[PDB]
Amino acid sequence: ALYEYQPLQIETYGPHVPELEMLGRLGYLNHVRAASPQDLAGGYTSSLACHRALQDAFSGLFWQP
Amino acid sequence: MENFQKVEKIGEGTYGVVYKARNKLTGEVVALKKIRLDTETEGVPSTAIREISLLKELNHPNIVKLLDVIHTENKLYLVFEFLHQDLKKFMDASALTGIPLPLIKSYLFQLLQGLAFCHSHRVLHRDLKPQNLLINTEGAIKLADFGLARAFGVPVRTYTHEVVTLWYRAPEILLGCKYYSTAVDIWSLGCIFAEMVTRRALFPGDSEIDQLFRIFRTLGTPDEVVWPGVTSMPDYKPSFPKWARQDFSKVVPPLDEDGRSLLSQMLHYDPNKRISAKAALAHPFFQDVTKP
Amino acid sequence: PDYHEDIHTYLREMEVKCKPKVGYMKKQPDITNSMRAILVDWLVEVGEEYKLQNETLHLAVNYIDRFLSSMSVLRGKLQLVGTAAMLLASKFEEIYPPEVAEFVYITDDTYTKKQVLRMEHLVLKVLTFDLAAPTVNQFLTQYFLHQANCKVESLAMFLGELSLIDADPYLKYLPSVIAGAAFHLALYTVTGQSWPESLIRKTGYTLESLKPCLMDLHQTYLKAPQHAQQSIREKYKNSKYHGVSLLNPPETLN
Amino acid sequence: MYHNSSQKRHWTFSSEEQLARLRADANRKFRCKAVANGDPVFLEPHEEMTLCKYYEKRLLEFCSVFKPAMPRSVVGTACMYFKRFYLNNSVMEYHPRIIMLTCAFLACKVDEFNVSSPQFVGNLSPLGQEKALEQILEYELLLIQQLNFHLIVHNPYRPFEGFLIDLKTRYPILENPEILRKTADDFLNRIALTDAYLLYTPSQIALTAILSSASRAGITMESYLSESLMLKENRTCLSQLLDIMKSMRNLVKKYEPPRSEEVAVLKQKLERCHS
Amino acid sequence: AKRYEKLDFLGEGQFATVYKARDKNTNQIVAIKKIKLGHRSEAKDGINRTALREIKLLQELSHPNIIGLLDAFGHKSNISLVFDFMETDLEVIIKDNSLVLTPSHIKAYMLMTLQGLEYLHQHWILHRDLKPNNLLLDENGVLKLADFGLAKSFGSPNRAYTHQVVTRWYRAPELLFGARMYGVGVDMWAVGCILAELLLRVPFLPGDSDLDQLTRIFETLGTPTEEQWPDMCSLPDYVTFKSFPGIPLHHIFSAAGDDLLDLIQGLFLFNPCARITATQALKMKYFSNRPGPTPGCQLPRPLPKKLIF
């Protein structure tokens with residue numbers, strides 16, 4: 001039985017968050033602090049911070065206890 | 001076994017549990033280290049064997065006394081004289097006011113006497129850090145925690161897993177030297193001397209490379225003149241940045257001329273040229289020592 | 001170093017307290033000198049197999065001699081005593097000792113792991129944790145600083161190890177005397193020189209004082225090829241020790 | 001993440017009636033225990049609530065002056081620990097001063113704000129400092145146990161920043177969203193005083209603060225919810241969102257700060273209870 | 001508390017003592033870790049920070065391939081953590097030469113490791129301590145990532161990162177050069193090393209110091225230029241090395257196929273931004289190719305001379 005990839009399906013109860021690779025395409029990266037060359041050497045990009053902030057903003061927005 | 005009453009649990013290391021306990025027949029308070037010989041697939045830990053065997057022979061005022069060893073089929077008890085606190089806690093508490101200079105000199109004199117006694121008995125402490133130096137209320141300081149100690153009747157190999165913490169590691173160890181020597185203890189003592197004087201770690205590196213670069217930045221990047229044979233060491237790289245030594249007038253401002261000369265001799269790059277414990281005891285820095 | 005003389009003096013003082021009882025062999029109702037020789041030879045072979053240092057072997061032999069000096073052991077438990085002594089020496093001296101499983105395996109599972117652990121506990125109880133024993137290896141290392149020929153060093157080490165096999169003539173000599181005699185013999189064999197004056201002033205041993213152990217060691221060297229135990233020579237045949245085992249002993253010694 | 005966190009699962013309650021029931025149960029339980037051990041000294045639940053409000057303000061003022069400067073996340077975590085702990089326990093069993101010091105200690109440890117114990121007690125007579133450290137060390141595990149070992153706390157600050165980024169990117173109707181920041185921050189602080197942390201998600205709180213600040217400035221962003229958040233497809237969800245935001249605003253409106261003299265009287269009563 | 005019957009001993013160490021116990025309520029075997037107090041210097045810190053880290057991170061995760069924290073009781077002095085009982089780990093399987101790791105077994109182990117890691121990184125958490133002895137296994141052949149004592153959340157620009165790196169054999173080169181900001185690459189590199197171990201039964205890059213570890217990395221894979229690592233020289237602990245040529249990957253792993261070689265190359269890319277992620281790794285053709293992974297139930301389960309006197 002061969003393996004087939006299936007994406008994680010976790011309900012966030014909120015608005016959809018754009019994919020990480022598209023963040024600079026739609027212009028989100030225009031409003032975050034630029035990464036230092038040291039950060040890029042370590043592998044830290046401003047896209048990570050932008051995606052984290054958006055995901056936290058839209059998480060559990062439509063949920064009721 | 002039943003002669004001691006456990007007052008409380010003091011610590012819990014890699015192999016044994018340490019209690020503060022009381023001797024029922026005498027009333028003296030001791031530190032009882034219990035190592036359970038059960039649950040061990042190899043028997044007595046080799047660290048405990050080396051510690052007991054070396055500490056039995058080291059009878060000095062400035063070394064923690066191993067009063068008794070109780071050996072049982074499944075438990076092993078080590079009785080030490082109890083000292084309430086270590087020098088690291090004392091330095092943390094006495095920050096922002098500073099340890100008095102006479103106290104620092106007396107502490108260094110006592111530590112040097114203890115280390116010289118250890119070295120003349122072919123014993124290498126290998127773990128000289130402020131957390132392992134225990135003080136009492138009478139103004140005395142003792143070497144403790146002989147868990148990494150080794151006898152060097154034959155040369156001792158360097159082990160990556162057993163080694164002092166980063167801040168007090170000597171540069172020869174950082175560059176991958178094959179064998180230990182007595183000069184690593186002197187380097188650690190010099191680092192502790194500087195930390196006591198300036199209330200902060202002399203070389204507070206985050207990693208091995210960072211620690212090496214901090215040493216290079218303070219004392220200058222070594223070359224074959226100041227440290228012969230340095231370029232042949234296993235971890236030496238030709239491309240190390242060439243910093244210049246900054247004079248000891250700023251690394252340890254409060255120290256005087258004799259203190260600065262002693263610290264510079266303790267912090268020699270060359271292990272062979274580094275000052276010894278007894279030659280350091282003969283220094284003019286210790287012309288006026290009195291226990292406070 | 002400035003502590004070197006202090007270390008030598010401490011070793012000279014400490015070799016007396018760690019000296020095994022002389023003549024304990026005839027107080028043992030079961031085991032004898034020949035069995036001890038086989039045991040020590042097997043210990044040499046085991047140390048070779050697991051790549052242990054020579055200091056570990058010297059310490060193990062010292063522990064065995066000290067342990068047999070106050071306890072009586074049946075001939076079936078002698079190898080267990082040797083295994084426990086070697087394990088203790090490995091724990092004290094090696095950078096990391098071999099596991100107990102390897103030790104019980106090297107004796108083709110003659111004894112269980114529990115027996116090995118209990119006998120190690122018994123040896124520790126008998127010795128009272130006094131395991132930092134001066135050896136011939138340490139005194140030879142101390143003496144080598146007064147030379148610098150590597151062949152002489154290897155041959156002196158070979159003779160010092162040969163002194164371990166026999167308990168009859170060598171158990172009455174301190175390790176310092178044996179090391180001095182071995183150094184003199186190696187110097188005479190390779191370079192033809194004698195006991196250097198620096199060593200006389202350092203140790204206080206003249207030629208006359210080293211003479212008895214000197215002829216004992218020379219006789220041992222002469223009859224080494226015919227000796228029933230040969231793992232020491234096989235150990236020193238390697239180029240790592242410069243192959244000094246297959247050298248030519250001096251037929252005379254003046 | 002919040003959407004599958006322990007805070008959502010176990011520490012977000014349907015209404016204020018649940019919170020009142022839990023606090024009344026804690027008070028009555030302590031009264032029963034005290035009367036079983038062996039009458040006008042016990043504190044009613046509202047008095048306990050007033051004392052808890054006062055000590056939360058005290059914890060805020062303690063964290064504001066902390067050296068080195070505490071990040072906002074640590075302060076939010078400490079305040080949430082305080083609220084959760086006194087949801088199920090009574091002030092007359094554990095003094096809120098030790099409890100808030102322990103909450104700050106635990107928050108610093110959890111949020112990776114590395115400070116040693118001497119630095120922590122230096123922010124407080126030295127003898128009182130060592131006594132305080134002893135009490136904090138004693139009460140740390142009790143506080144962890146009463147939190148059900150749910151230590152990660154989700155705060156509204158990161159959702160607020162994410163909302164600001166989204167507004168700058170996809171809402172050009174608003175010229176400069178940054179001017180909305182300061183006022184919104186003030187509203188957030190008011191939210192922190194009420195019980196809204198135990199009733200709503202952090203994203204809801206952040207959005208409520210942002211839109212309240214916008215409405216105070218005379219700007220309407222109904223289109224931002226309807227269009228940018230795609231809520232015109234699901235009108236019911238938009239309705240619930242507006243009701244939740246209105247409930248939060250009313251909760252802020254009805255909040256009454258503790259009175260000084262009443263707090264002093266109740267402090268004397270609680271000190272007598274602990275004596 | 002008092003609901004567990006200790007019935008074995010599983011190990012000791014610098015941090016915790018692990019034994020095996022019975023739940024006495026559901027009659028299920030669990031593992032209890034008692035957290036030691038450490039040296040007497042660290043006697044006024046309260047609860048251990050590593051224990052708090054493990055508790056707080058594991059209480060917010062629930063995946064088949066991540067160890068579960070069943071309970072976290074504790075006496076007011078000693079705190080104990082209760083986990084599922086796992087019989088072995090990957091290190092035992094790697095070091096055991098009696099059993100043979102077929103390609104399907106390796107694919108299974110890698111697949112479960114990557115699924116757990118993808119779930120982990122989706123929640124903005126880095127494990128930071130990946131090695132074969134932290135990948136536990138049970139009787140049903142289910143791998144679980146354990147030992148979350150170094151794990152930390154990433155994404156926030158705060159530089160709370162204070163060392164706490166894995167054992168140097170699996171440390172990524174950007175961590176060896178002292179990076180303070182990083183992402184998922186630090187996990188992925190370690191994964192590659194683990195994969196290499198599974199392919200050779202010995203550690204891939206066994207250095208004895210940070211400089212020696214970097215030397216071994218650059219000798220095996222070639223010294224990176226600025227084309228493959230654009231900002232490498234900006235790292236705080238940067239040291240210039242010789243221009244080693246590097247060994248071709250198919251020479252190191254002679255039995256590996258082309259898809260496996262592509263996966264290994266992706267896992268060992270010097271640029272941390274270009275290094276593949278767990279999601280990208282799971283989508284590679286290696287995993288969907290024949291043969292499929294081994295089912296969890298079928299995974300493997302673990303002179304001289306006598307002297308006569």
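Basis for what follows: all heavy atoms, side chains included, without hydrogens, waters or symmetry-related copies. Within every chain, numbering begins at 1; the chains are lettered A, B, ... in the order of the sequence lines, protein sequences first and strands thereafter.
Of the listed residues (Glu93(C), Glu5(C), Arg118(C), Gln53(C)), the greatest number of heavy-atom pairs within a distance under 4.5 Å of chain B belongs to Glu93(C). For chain C, the option among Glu57(B), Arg157(B), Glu40(B) with the highest count of heavy-atom pairs below 4.5 Å is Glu57(B). Per-residue heavy-atom pair counts under 4.5 Å with chain C were compared for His71(B), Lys278(B), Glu42(B), and the maximum is reached by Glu42(B).
Close approach to chain B, defined as a heavy atom under 4.5 Å from one of its heavy atoms, is seen in no residue of residues 172-180 of chain C. Among the residues in residues 127-143 of chain C, those with a non-hydrogen atom closer than 4.5 angstrom to a non-hydrogen atom of chain B are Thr128(C), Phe129(C), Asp130(C), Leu131(C), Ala132(C), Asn137(C), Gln138(C), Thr141(C). Below 4.5 Å, heavy atoms of chain B meet heavy atoms from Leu88(C), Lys91(C), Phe92(C), all part of residues 83-92 of chain C.
Annotation: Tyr269(B), atom OH; neighbour count of heavy atoms from other residues, nucleotides and ligands within 6.0 Å is above 12. Counting non-hydrogen atoms of neighbouring residues, nucleotides and ligands closer than 6.0 angstrom, the OH atom of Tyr159(B) exceeds 12 such neighbours.
Checking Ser276(B) against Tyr3(C) by side-chain atom types alone, no donor-acceptor pair falls below 3.5 Å.
Of the atoms belonging to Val156(B), not a single heavy atom falls under 4.5 Å from chain C. Residue contact with chain C, scored on non-hydrogen atoms closer than 4.5 Å, involves the backbone and the side chain of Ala279(B) alike.
Under the side-chain contact (heavy atoms from CB on, under 4.5 Å) rule, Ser120(B) has a single partner from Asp6(C), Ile7(C), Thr9(C), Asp2(C), which is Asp6(C).
Across all non-hydrogen atoms, the minimal contact from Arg150(B) to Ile95(C) is NH2-O, 3.8 Å.
For the pair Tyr96(C)/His161(B), no side-chain contact is recorded, criterion being any heavy-atom separation below 4.5 Å from C-beta on. Two residues are said to be in side-chain contact when any heavy atoms from C-beta on lie closer than 4.5 Å; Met14(C) and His121(B) fail this criterion. In this structure the side chain of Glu99(C) never reaches within 4.5 angstrom of the side chain of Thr41(B), judged on heavy atoms.
Separating the OG1 atom in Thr72(B) from the NZ atom in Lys125(C) is a distance of 11.5 Å, to the nearest 0.5 Å. Separating the CG atom in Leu117(C) from the CG atom in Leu37(B) is a distance of 9.5 Å, to the nearest 0.5 Å.
Counting only residues at least two apart or in different chains, side-chain hydrogen bond (donor to acceptor under 3.5 Å, both in side chains) contacts with residues 145-154 of chain C are absent.
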